[PDB]
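Structure file upload23.cif (mmCIF, C-alpha atoms) follows.
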```cif
data_start
loop_
_atom_site.label_atom_id
_atom_site.label_comp_id
_atom_site.auth_asym_id
_atom_site.auth_seq_id
_atom_site.Cartn_x
_atom_site.Cartn_y
_atom_site.Cartn_z
CA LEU A 1 -41.79 23.39 43.43
CA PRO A 2 -41.70 19.63 44.42
CA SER A 3 -42.50 18.51 40.87
CA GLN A 4 -39.86 20.97 39.66
CA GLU A 5 -37.38 19.46 42.13
CA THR A 6 -38.01 15.89 40.97
CA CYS A 7 -37.41 16.61 37.29
CA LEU A 8 -34.20 18.37 38.32
CA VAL A 9 -33.41 15.11 40.11
CA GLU A 10 -34.12 13.11 36.94
CA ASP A 11 -32.28 15.51 34.61
CA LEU A 12 -29.29 15.45 36.96
CA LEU A 13 -29.49 11.64 37.03
CA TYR A 14 -28.71 11.61 33.30
CA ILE A 15 -25.88 14.10 33.87
CA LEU A 16 -24.12 11.71 36.28
CA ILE A 17 -24.37 8.92 33.69
CA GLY A 18 -22.41 11.08 31.23
CA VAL A 19 -25.07 11.90 28.64
CA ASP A 20 -26.23 15.48 28.12
CA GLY A 21 -29.62 16.24 29.64
CA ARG A 22 -32.52 18.52 28.78
CA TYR A 23 -32.46 21.39 31.30
CA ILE A 24 -28.72 21.10 32.06
CA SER A 25 -26.42 21.42 29.04
CA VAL A 26 -22.83 20.17 29.04
CA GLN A 27 -20.03 21.81 27.07
CA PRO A 28 -16.24 21.27 27.08
CA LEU A 29 -14.25 24.48 26.53
CA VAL A 30 -10.91 23.00 27.60
CA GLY A 31 -8.55 20.24 26.51
CA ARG A 32 -8.89 18.75 29.99
CA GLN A 33 -11.43 15.98 30.39
CA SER A 34 -13.66 18.02 32.71
CA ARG A 35 -16.56 19.63 30.86
CA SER A 36 -18.55 22.63 32.06
CA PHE A 37 -22.13 22.26 33.29
CA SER A 38 -24.73 25.00 32.84
CA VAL A 39 -28.08 24.83 34.60
CA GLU A 40 -30.86 26.94 33.12
CA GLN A 41 -32.79 29.53 35.10
CA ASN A 42 -35.64 28.10 37.17
CA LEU A 43 -38.91 29.32 38.65
CA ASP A 44 -37.16 29.14 42.04
CA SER A 45 -33.53 30.26 42.25
CA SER A 46 -32.87 28.24 45.43
CA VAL A 47 -32.89 24.76 43.89
CA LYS A 48 -30.91 26.12 40.91
CA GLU A 49 -28.03 26.75 43.31
CA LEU A 50 -28.64 23.45 45.13
CA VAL A 51 -28.33 21.46 41.89
CA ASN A 52 -25.29 23.61 40.99
CA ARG A 53 -22.97 21.98 43.55
CA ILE A 54 -23.91 18.46 42.43
CA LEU A 55 -22.62 19.34 38.93
CA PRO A 56 -18.97 19.10 40.17
CA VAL A 57 -19.59 15.33 40.54
CA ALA A 58 -20.17 14.51 36.87
CA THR A 59 -17.31 16.93 36.26
CA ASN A 60 -15.20 14.24 37.94
CA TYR A 61 -16.98 11.30 36.29
CA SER A 62 -16.34 12.83 32.86
CA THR A 63 -12.74 13.43 33.92
CA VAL A 64 -11.47 9.95 34.63
CA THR A 65 -13.66 7.85 32.28
CA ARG A 66 -12.66 9.80 29.16
CA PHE A 67 -9.04 9.28 30.20
CA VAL A 68 -9.34 5.51 30.54
CA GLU A 69 -10.97 5.12 27.11
CA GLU A 70 -8.44 7.40 25.41
CA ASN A 71 -5.75 5.30 27.12
CA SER A 72 -7.47 2.15 25.83
CA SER A 73 -8.13 3.25 22.24
CA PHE A 74 -4.68 4.66 21.36
CA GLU A 75 -3.45 1.19 22.07
CA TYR A 76 -0.61 0.62 24.53
CA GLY A 77 0.74 -2.38 26.32
CA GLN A 78 1.75 -0.03 29.13
CA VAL A 79 0.93 -0.11 32.83
CA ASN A 80 -1.12 3.03 32.15
CA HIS A 81 -3.51 0.78 30.22
CA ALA A 82 -3.81 -1.64 33.14
CA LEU A 83 -4.32 1.40 35.38
CA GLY A 84 -7.40 2.25 33.32
CA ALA A 85 -8.82 -1.24 33.74
CA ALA A 86 -8.81 -0.87 37.53
CA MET A 87 -10.71 2.39 37.03
CA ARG A 88 -13.18 0.84 34.57
CA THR A 89 -14.36 -1.94 36.89
CA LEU A 90 -14.90 0.68 39.60
CA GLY A 91 -17.21 2.38 37.11
CA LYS A 92 -19.38 -0.74 37.15
CA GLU A 93 -20.01 -0.15 40.86
CA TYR A 94 -20.82 3.52 40.20
CA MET A 95 -23.36 2.87 37.45
CA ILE A 96 -25.15 0.11 39.37
CA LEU A 97 -26.36 2.29 42.26
CA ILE A 98 -27.95 4.78 39.86
CA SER A 99 -30.09 2.06 38.28
CA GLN A 100 -31.19 0.70 41.67
CA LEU A 101 -32.74 3.96 42.85
CA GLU A 102 -34.48 4.26 39.47
CA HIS A 103 -36.62 1.34 40.64
CA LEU A 104 -37.73 3.82 43.32
CA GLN A 105 -38.28 6.42 40.57
CA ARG A 106 -41.28 4.52 39.21
CA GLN A 107 -42.57 4.91 42.78
CA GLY A 108 -41.07 8.38 42.48
CA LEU A 109 -40.82 10.21 45.78
CA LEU A 110 -37.03 10.47 46.19
CA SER A 111 -35.60 13.80 47.20
CA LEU A 112 -33.03 16.40 46.30
CA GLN A 113 -31.61 15.46 49.75
CA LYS A 114 -31.77 11.66 49.76
CA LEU A 115 -29.97 11.92 46.42
CA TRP A 116 -27.63 14.51 47.90
CA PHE A 117 -26.38 12.10 50.57
CA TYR A 118 -25.51 9.36 48.08
CA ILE A 119 -23.67 11.79 45.84
CA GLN A 120 -21.33 13.04 48.55
CA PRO A 121 -19.75 9.56 48.93
CA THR A 122 -19.74 9.26 45.14
CA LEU A 123 -18.27 12.70 44.62
CA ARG A 124 -15.52 11.37 46.94
CA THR A 125 -14.95 8.35 44.69
CA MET A 126 -14.93 10.51 41.57
CA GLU A 127 -12.87 13.44 42.93
CA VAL A 128 -9.98 11.17 43.90
CA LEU A 129 -10.24 9.51 40.48
CA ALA A 130 -10.34 12.93 38.79
CA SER A 131 -7.36 14.19 40.79
CA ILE A 132 -5.36 11.11 39.82
CA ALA A 133 -6.39 11.74 36.21
CA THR A 134 -5.54 15.46 36.38
CA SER A 135 -2.07 14.56 37.68
CA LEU A 136 -1.65 12.09 34.82
CA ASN A 137 -2.39 14.75 32.19
CA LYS A 138 0.22 17.11 33.65
CA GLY A 139 2.67 14.22 34.18
CA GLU A 140 2.87 12.21 30.91
CA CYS A 141 4.63 9.33 32.68
CA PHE A 142 4.71 5.63 31.81
CA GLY A 143 6.40 2.48 33.04
CA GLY A 144 8.20 2.63 36.37
CA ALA A 145 7.82 6.42 36.45
CA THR A 146 4.09 5.78 36.78
CA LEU A 147 4.82 3.10 39.41
CA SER A 148 6.72 5.59 41.58
CA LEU A 149 4.00 8.23 41.21
CA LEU A 150 1.37 5.73 42.38
CA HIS A 151 3.67 4.69 45.23
CA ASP A 152 3.71 8.33 46.34
CA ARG A 153 -0.10 8.40 46.36
CA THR A 154 -0.12 5.52 48.84
CA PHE A 155 1.76 7.85 51.20
CA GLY A 156 -0.38 10.96 50.78
CA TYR A 157 -3.88 9.46 50.80
CA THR A 158 -3.71 8.18 54.38
CA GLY A 159 -6.22 9.31 56.97
CA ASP A 160 -9.22 8.48 54.82
CA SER A 161 -9.56 4.69 54.84
CA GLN A 162 -11.47 4.30 51.59
CA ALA A 163 -9.32 6.76 49.65
CA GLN A 164 -6.37 4.69 50.88
CA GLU A 165 -7.95 1.44 49.67
CA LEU A 166 -8.30 2.51 46.03
CA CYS A 167 -4.86 4.16 45.94
CA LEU A 168 -3.48 0.89 47.27
CA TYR A 169 -5.45 -1.09 44.67
CA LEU A 170 -4.38 1.25 41.85
CA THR A 171 -0.75 0.70 42.87
CA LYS A 172 -1.26 -3.07 43.13
CA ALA A 173 -2.91 -3.15 39.69
CA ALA A 174 -0.02 -1.16 38.21
CA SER A 175 2.67 -3.36 39.80
CA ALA A 176 1.31 -6.79 38.87
CA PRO A 177 1.96 -6.05 35.17
CA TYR A 178 5.35 -4.49 35.98
CA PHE A 179 6.69 -7.17 38.33
CA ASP A 180 5.50 -9.80 35.84
CA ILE A 181 7.75 -8.10 33.28
CA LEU A 182 10.42 -8.34 35.99
CA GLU A 183 9.83 -12.08 36.43
CA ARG A 184 9.69 -12.73 32.68
CA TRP A 185 13.16 -11.17 32.52
CA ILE A 186 14.43 -13.35 35.38
CA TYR A 187 13.51 -16.83 34.11
CA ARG A 188 14.97 -16.51 30.59
CA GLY A 189 15.94 -12.92 29.90
CA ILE A 190 13.03 -12.18 27.58
CA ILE A 191 13.13 -8.40 27.14
CA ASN A 192 10.01 -7.34 25.23
CA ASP A 193 9.06 -3.68 24.84
CA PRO A 194 5.63 -2.71 23.48
CA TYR A 195 6.35 0.86 24.57
CA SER A 196 9.33 0.12 26.88
CA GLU A 197 7.35 -0.81 29.99
CA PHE A 198 10.36 -2.18 31.82
CA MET A 199 13.44 -0.05 32.26
CA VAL A 200 16.17 -2.40 31.03
CA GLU A 201 16.92 -2.37 27.31
CA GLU A 202 18.96 -4.94 25.40
CA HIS A 203 22.46 -3.78 24.42
CA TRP A 204 30.12 -8.59 24.30
CA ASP A 205 28.65 -5.26 25.33
CA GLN A 206 27.38 -5.75 28.94
CA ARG A 207 25.29 -2.57 28.61
CA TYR A 208 21.93 -3.20 30.28
CA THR A 209 22.15 0.28 31.99
CA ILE A 210 18.92 0.47 33.98
CA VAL A 211 17.50 3.80 32.83
CA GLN A 212 17.11 7.09 34.63
CA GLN A 213 13.75 7.39 32.82
CA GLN A 214 12.11 4.85 35.14
CA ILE A 215 12.59 3.51 38.67
CA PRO A 216 10.64 0.75 40.53
CA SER A 217 8.30 1.24 43.50
CA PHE A 218 11.46 1.17 45.61
CA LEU A 219 14.64 3.19 45.22
CA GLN A 220 17.50 2.53 42.74
CA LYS A 221 19.05 -0.07 45.09
CA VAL A 222 16.55 -2.71 43.96
CA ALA A 223 16.97 -1.54 40.35
CA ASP A 224 20.70 -2.17 40.63
CA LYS A 225 19.83 -5.50 42.27
CA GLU B 1 -48.56 24.22 54.57
CA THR B 2 -47.15 21.75 52.05
CA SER B 3 -45.17 24.41 50.16
CA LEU B 4 -43.42 25.20 53.44
CA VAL B 5 -42.73 21.48 53.79
CA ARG B 6 -41.16 21.59 50.31
CA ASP B 7 -39.32 24.84 51.14
CA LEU B 8 -37.33 23.41 54.08
CA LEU B 9 -36.02 20.59 51.86
CA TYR B 10 -33.94 22.72 49.52
CA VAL B 11 -32.21 24.40 52.47
CA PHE B 12 -31.66 20.97 54.04
CA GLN B 13 -30.03 19.91 50.77
CA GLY B 14 -28.14 23.19 50.37
CA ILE B 15 -28.97 26.83 49.63
CA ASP B 16 -32.47 28.28 49.79
CA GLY B 17 -35.66 27.15 48.09
CA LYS B 18 -38.95 28.83 47.18
CA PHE B 19 -37.97 32.19 48.65
CA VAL B 20 -34.41 33.47 49.08
CA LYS B 21 -33.01 33.61 52.63
CA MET B 22 -29.58 34.16 51.40
CA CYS B 23 -27.82 36.74 53.70
CA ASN B 24 -25.61 34.15 55.48
CA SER B 25 -23.84 36.89 57.48
CA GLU B 26 -27.06 38.90 57.96
CA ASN B 27 -29.67 36.19 58.88
CA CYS B 28 -33.43 37.02 58.92
CA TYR B 29 -34.37 33.30 59.45
CA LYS B 30 -36.01 33.00 55.95
CA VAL B 31 -37.99 35.48 53.90
CA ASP B 32 -41.74 34.95 53.90
CA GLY B 33 -42.94 38.55 53.54
CA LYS B 34 -46.37 37.79 55.02
CA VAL B 35 -47.99 39.41 58.04
CA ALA B 36 -51.63 38.23 57.65
CA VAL B 37 -50.43 34.66 58.34
CA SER B 38 -50.07 33.36 61.89
CA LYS B 39 -47.06 34.35 63.99
CA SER B 40 -46.03 30.70 64.27
CA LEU B 41 -44.56 31.10 60.80
CA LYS B 42 -41.99 33.27 62.62
CA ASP B 43 -40.81 30.36 64.80
CA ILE B 44 -40.98 27.38 62.44
CA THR B 45 -38.33 29.19 60.41
CA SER B 46 -36.16 29.49 63.53
CA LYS B 47 -35.82 25.69 63.58
CA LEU B 48 -35.29 25.81 59.81
CA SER B 49 -32.33 28.17 60.34
CA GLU B 50 -30.14 26.36 62.84
CA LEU B 51 -29.55 23.49 60.40
CA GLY B 52 -28.56 25.39 57.25
CA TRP B 53 -25.59 27.07 58.93
CA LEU B 54 -24.31 23.60 59.84
CA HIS B 55 -24.87 22.42 56.26
CA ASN B 56 -22.77 25.14 54.61
CA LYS B 57 -19.96 24.70 57.16
#
```

Write the structure described by the file as structure tokens, please.
Amino acid sequence: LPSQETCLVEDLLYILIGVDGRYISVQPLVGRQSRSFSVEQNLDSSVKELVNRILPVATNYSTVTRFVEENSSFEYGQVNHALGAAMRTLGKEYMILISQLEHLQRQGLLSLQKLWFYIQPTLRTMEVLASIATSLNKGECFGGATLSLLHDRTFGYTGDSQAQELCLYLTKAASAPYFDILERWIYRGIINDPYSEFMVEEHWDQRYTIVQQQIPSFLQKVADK
Amino acid sequence: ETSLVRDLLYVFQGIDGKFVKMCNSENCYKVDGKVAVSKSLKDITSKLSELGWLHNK
């Protein structure tokens, strides 16, 4: 068993990276970014169930990171692209812990339990990122409509400090593009629309007519202002 | 000896290891199925059992 547990630690370690392993095969049946994970039958059925609940973690890693590269490839100037950059640099912090414990894998004695503790914080990081990504697939918003959705997630994710800190940072990384498009409209009146990020479209006419499609992080009173 | 050391790990991490305790509303402390072994195998599983209920909760 303990040699069988350690190769199920190493095969799972490749699953969290995003590549398909040897004893655990990955297959997407659905248009959603989450792919299904199948563990093979083992000589002991206990560890097969214990590895089975760590497979929802790479379910959430494969959820948000496919979204931010699809957002990046099908090129937009939108705030949804800058949203994916805040999620990509958080992926640098996720991939760097996995390589550090692999230095302890050449001295390999690490457990199914020492690994299980580090994955419950990093299922937390990935489940919030997956549940933002799952809301963005059902939503199809852009511009200020994305800004007001991320402003609502600063309200709801309060009570957990570190889920609040990323939902703050995701809102702040979506607003610094948007309020720069605000300020570039204030100093000259340069209205540029790659995919109509800002609300106000160019019209004698006096027809700037905010839009009901988008709204800032605040209510319509600052949009009228 | 050492297989019982490995067996308590998989229940510490989650659901059961080398043998199958499962019966979470029927608890029999673990299955070992051995009577020729010492009767202290009957009590080392009692300490093994009060932690797995707090793991699944």

Determine which residues of chain B sit within 6 Å of chain A, taking into account all atoms listed in the file, and present them as JSON, numbers by chain. {"B": [13, 14, 15, 16, 17, 18]}

Run the PyMOL selection byres ((chain B and resi 54) around 12) on the file and write out the hits as number ranges by chain. B: 11-15, 24, 48-53, 55-57

For residue 174 (chain A), list every protein, DNA or RNA residue within 12 Å, evaluated using all atoms listed in the file, and leave out those in the same chain fewer than 2 positions away; present the list as number ranges by chain. A: 77-87, 142-151, 166-172, 176-181, 197, 216-217

Work out how far apart CA of residue 190 (chain A) and CA of residue 76 (chain A) are and give it in Å to one decimal.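 These atoms are spaced 19.0 Å apart.
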
Please report the interatomic distance between CA of residue 130 (chain A) and CA of residue 64 (chain A) in Å with one decimal. 5.2 Å

Distance CA of residue 134 (chain A)-CA of residue 22 (chain A), one decimal place?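 About the pair CA of residue 134 (chain A) and CA of residue 22 (chain A): they are 28.2 Å apart.
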
From the list A:182, A:57, A:215, A:191, the nearest residue to residue 125 (chain A) using only C-alpha atoms is A:57

Smallest atom-to-atom distance to residue 129 (chain A): which of A:186, A:195, A:141, A:67, using only C-alpha atoms? A:67

Contact residues around residue 61 (chain A) with all atoms listed in the file at 9 Å, ignoring same-chain residues under 2 positions, as a tab-separated table (two decimals) with C-alpha atoms, in the frame of the given file:
```
chain	number	residue	atom	x	y	z
A	16	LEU	CA	-24.12	11.71	36.28
A	17	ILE	CA	-24.37	8.92	33.69
A	18	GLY	CA	-22.41	11.08	31.23
A	34	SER	CA	-13.66	18.02	32.71
A	56	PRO	CA	-18.97	19.10	40.17
A	57	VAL	CA	-19.59	15.33	40.54
A	58	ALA	CA	-20.17	14.51	36.87
A	59	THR	CA	-17.31	16.93	36.26
A	63	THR	CA	-12.74	13.43	33.92
A	64	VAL	CA	-11.47	9.95	34.63
A	65	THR	CA	-13.66	7.85	32.28
A	66	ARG	CA	-12.66	9.80	29.16
A	91	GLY	CA	-17.21	2.38	37.11
A	123	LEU	CA	-18.27	12.70	44.62
A	126	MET	CA	-14.93	10.51	41.57
A	127	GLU	CA	-12.87	13.44	42.93
A	129	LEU	CA	-10.24	9.51	40.48
A	130	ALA	CA	-10.34	12.93	38.79
```

Write region 130-157 of chain A as a tab-separated table (two decimals), keeping the file's coordinate frame, completed to N, CA and C atoms.
```tsv
chain	number	residue	atom	x	y	z
A	130	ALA	N	-10.62	11.78	39.65
A	130	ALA	CA	-10.34	12.93	38.79
A	130	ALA	C	-8.98	13.53	39.10
A	131	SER	N	-8.63	13.61	40.38
A	131	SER	CA	-7.36	14.19	40.79
A	131	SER	C	-6.17	13.26	40.54
A	132	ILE	N	-6.39	11.95	40.40
A	132	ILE	CA	-5.36	11.11	39.82
A	132	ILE	C	-5.25	11.35	38.32
A	133	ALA	N	-6.39	11.53	37.65
A	133	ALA	CA	-6.39	11.74	36.21
A	133	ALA	C	-5.81	13.10	35.83
A	134	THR	N	-6.08	14.13	36.64
A	134	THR	CA	-5.54	15.46	36.38
A	134	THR	C	-4.02	15.47	36.55
A	135	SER	N	-3.51	14.70	37.52
A	135	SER	CA	-2.07	14.56	37.68
A	135	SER	C	-1.44	13.79	36.54
A	136	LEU	N	-2.19	12.88	35.92
A	136	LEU	CA	-1.65	12.09	34.82
A	136	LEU	C	-1.62	12.87	33.51
A	137	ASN	N	-2.47	13.90	33.38
A	137	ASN	CA	-2.39	14.75	32.19
A	137	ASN	C	-1.21	15.71	32.27
A	138	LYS	N	-0.93	16.24	33.46
A	138	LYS	CA	0.22	17.11	33.65
A	138	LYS	C	1.53	16.32	33.67
A	139	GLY	N	1.48	15.03	34.02
A	139	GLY	CA	2.67	14.22	34.18
A	139	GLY	C	3.29	13.66	32.91
A	140	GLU	N	2.47	12.96	32.11
A	140	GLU	CA	2.87	12.21	30.91
A	140	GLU	C	3.91	11.14	31.22
A	141	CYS	N	3.71	10.39	32.30
A	141	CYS	CA	4.63	9.33	32.68
A	141	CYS	C	4.12	7.97	32.20
A	142	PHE	N	5.03	7.01	32.17
A	142	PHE	CA	4.71	5.63	31.81
A	142	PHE	C	5.78	4.73	32.40
A	143	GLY	N	5.44	3.44	32.51
A	143	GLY	CA	6.40	2.48	33.04
A	143	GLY	C	6.60	2.66	34.53
A	144	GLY	N	7.85	2.49	34.96
A	144	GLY	CA	8.20	2.63	36.37
A	144	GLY	C	8.05	4.04	36.90
A	145	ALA	N	8.10	5.05	36.03
A	145	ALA	CA	7.82	6.42	36.45
A	145	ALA	C	6.37	6.59	36.88
A	146	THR	N	5.46	5.82	36.29
A	146	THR	CA	4.09	5.78	36.78
A	146	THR	C	4.00	5.00	38.08
A	147	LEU	N	4.79	3.92	38.20
A	147	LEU	CA	4.82	3.10	39.41
A	147	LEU	C	5.30	3.87	40.64
A	148	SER	N	6.25	4.79	40.46
A	148	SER	CA	6.72	5.59	41.58
A	148	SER	C	5.78	6.75	41.90
A	149	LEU	N	5.01	7.23	40.92
A	149	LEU	CA	4.00	8.23	41.21
A	149	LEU	C	2.84	7.63	42.00
A	150	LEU	N	2.44	6.41	41.65
A	150	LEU	CA	1.37	5.73	42.38
A	150	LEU	C	1.84	5.24	43.74
A	151	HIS	N	3.14	4.99	43.91
A	151	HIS	CA	3.67	4.69	45.23
A	151	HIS	C	3.67	5.92	46.13
A	152	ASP	N	3.76	7.11	45.54
A	152	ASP	CA	3.71	8.33	46.34
A	152	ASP	C	2.28	8.64	46.77
A	153	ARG	N	1.29	8.20	45.99
A	153	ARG	CA	-0.10	8.40	46.36
A	153	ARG	C	-0.57	7.43	47.43
A	154	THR	N	0.18	6.35	47.68
A	154	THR	CA	-0.12	5.52	48.84
A	154	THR	C	0.35	6.18	50.13
A	155	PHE	N	1.32	7.10	50.03
A	155	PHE	CA	1.76	7.85	51.20
A	155	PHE	C	0.78	8.96	51.54
A	156	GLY	N	0.41	9.76	50.55
A	156	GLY	CA	-0.38	10.96	50.78
A	156	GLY	C	-1.82	10.71	51.17
A	157	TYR	N	-2.47	9.75	50.52
A	157	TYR	CA	-3.88	9.46	50.80
A	157	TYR	C	-4.01	8.47	51.96
```
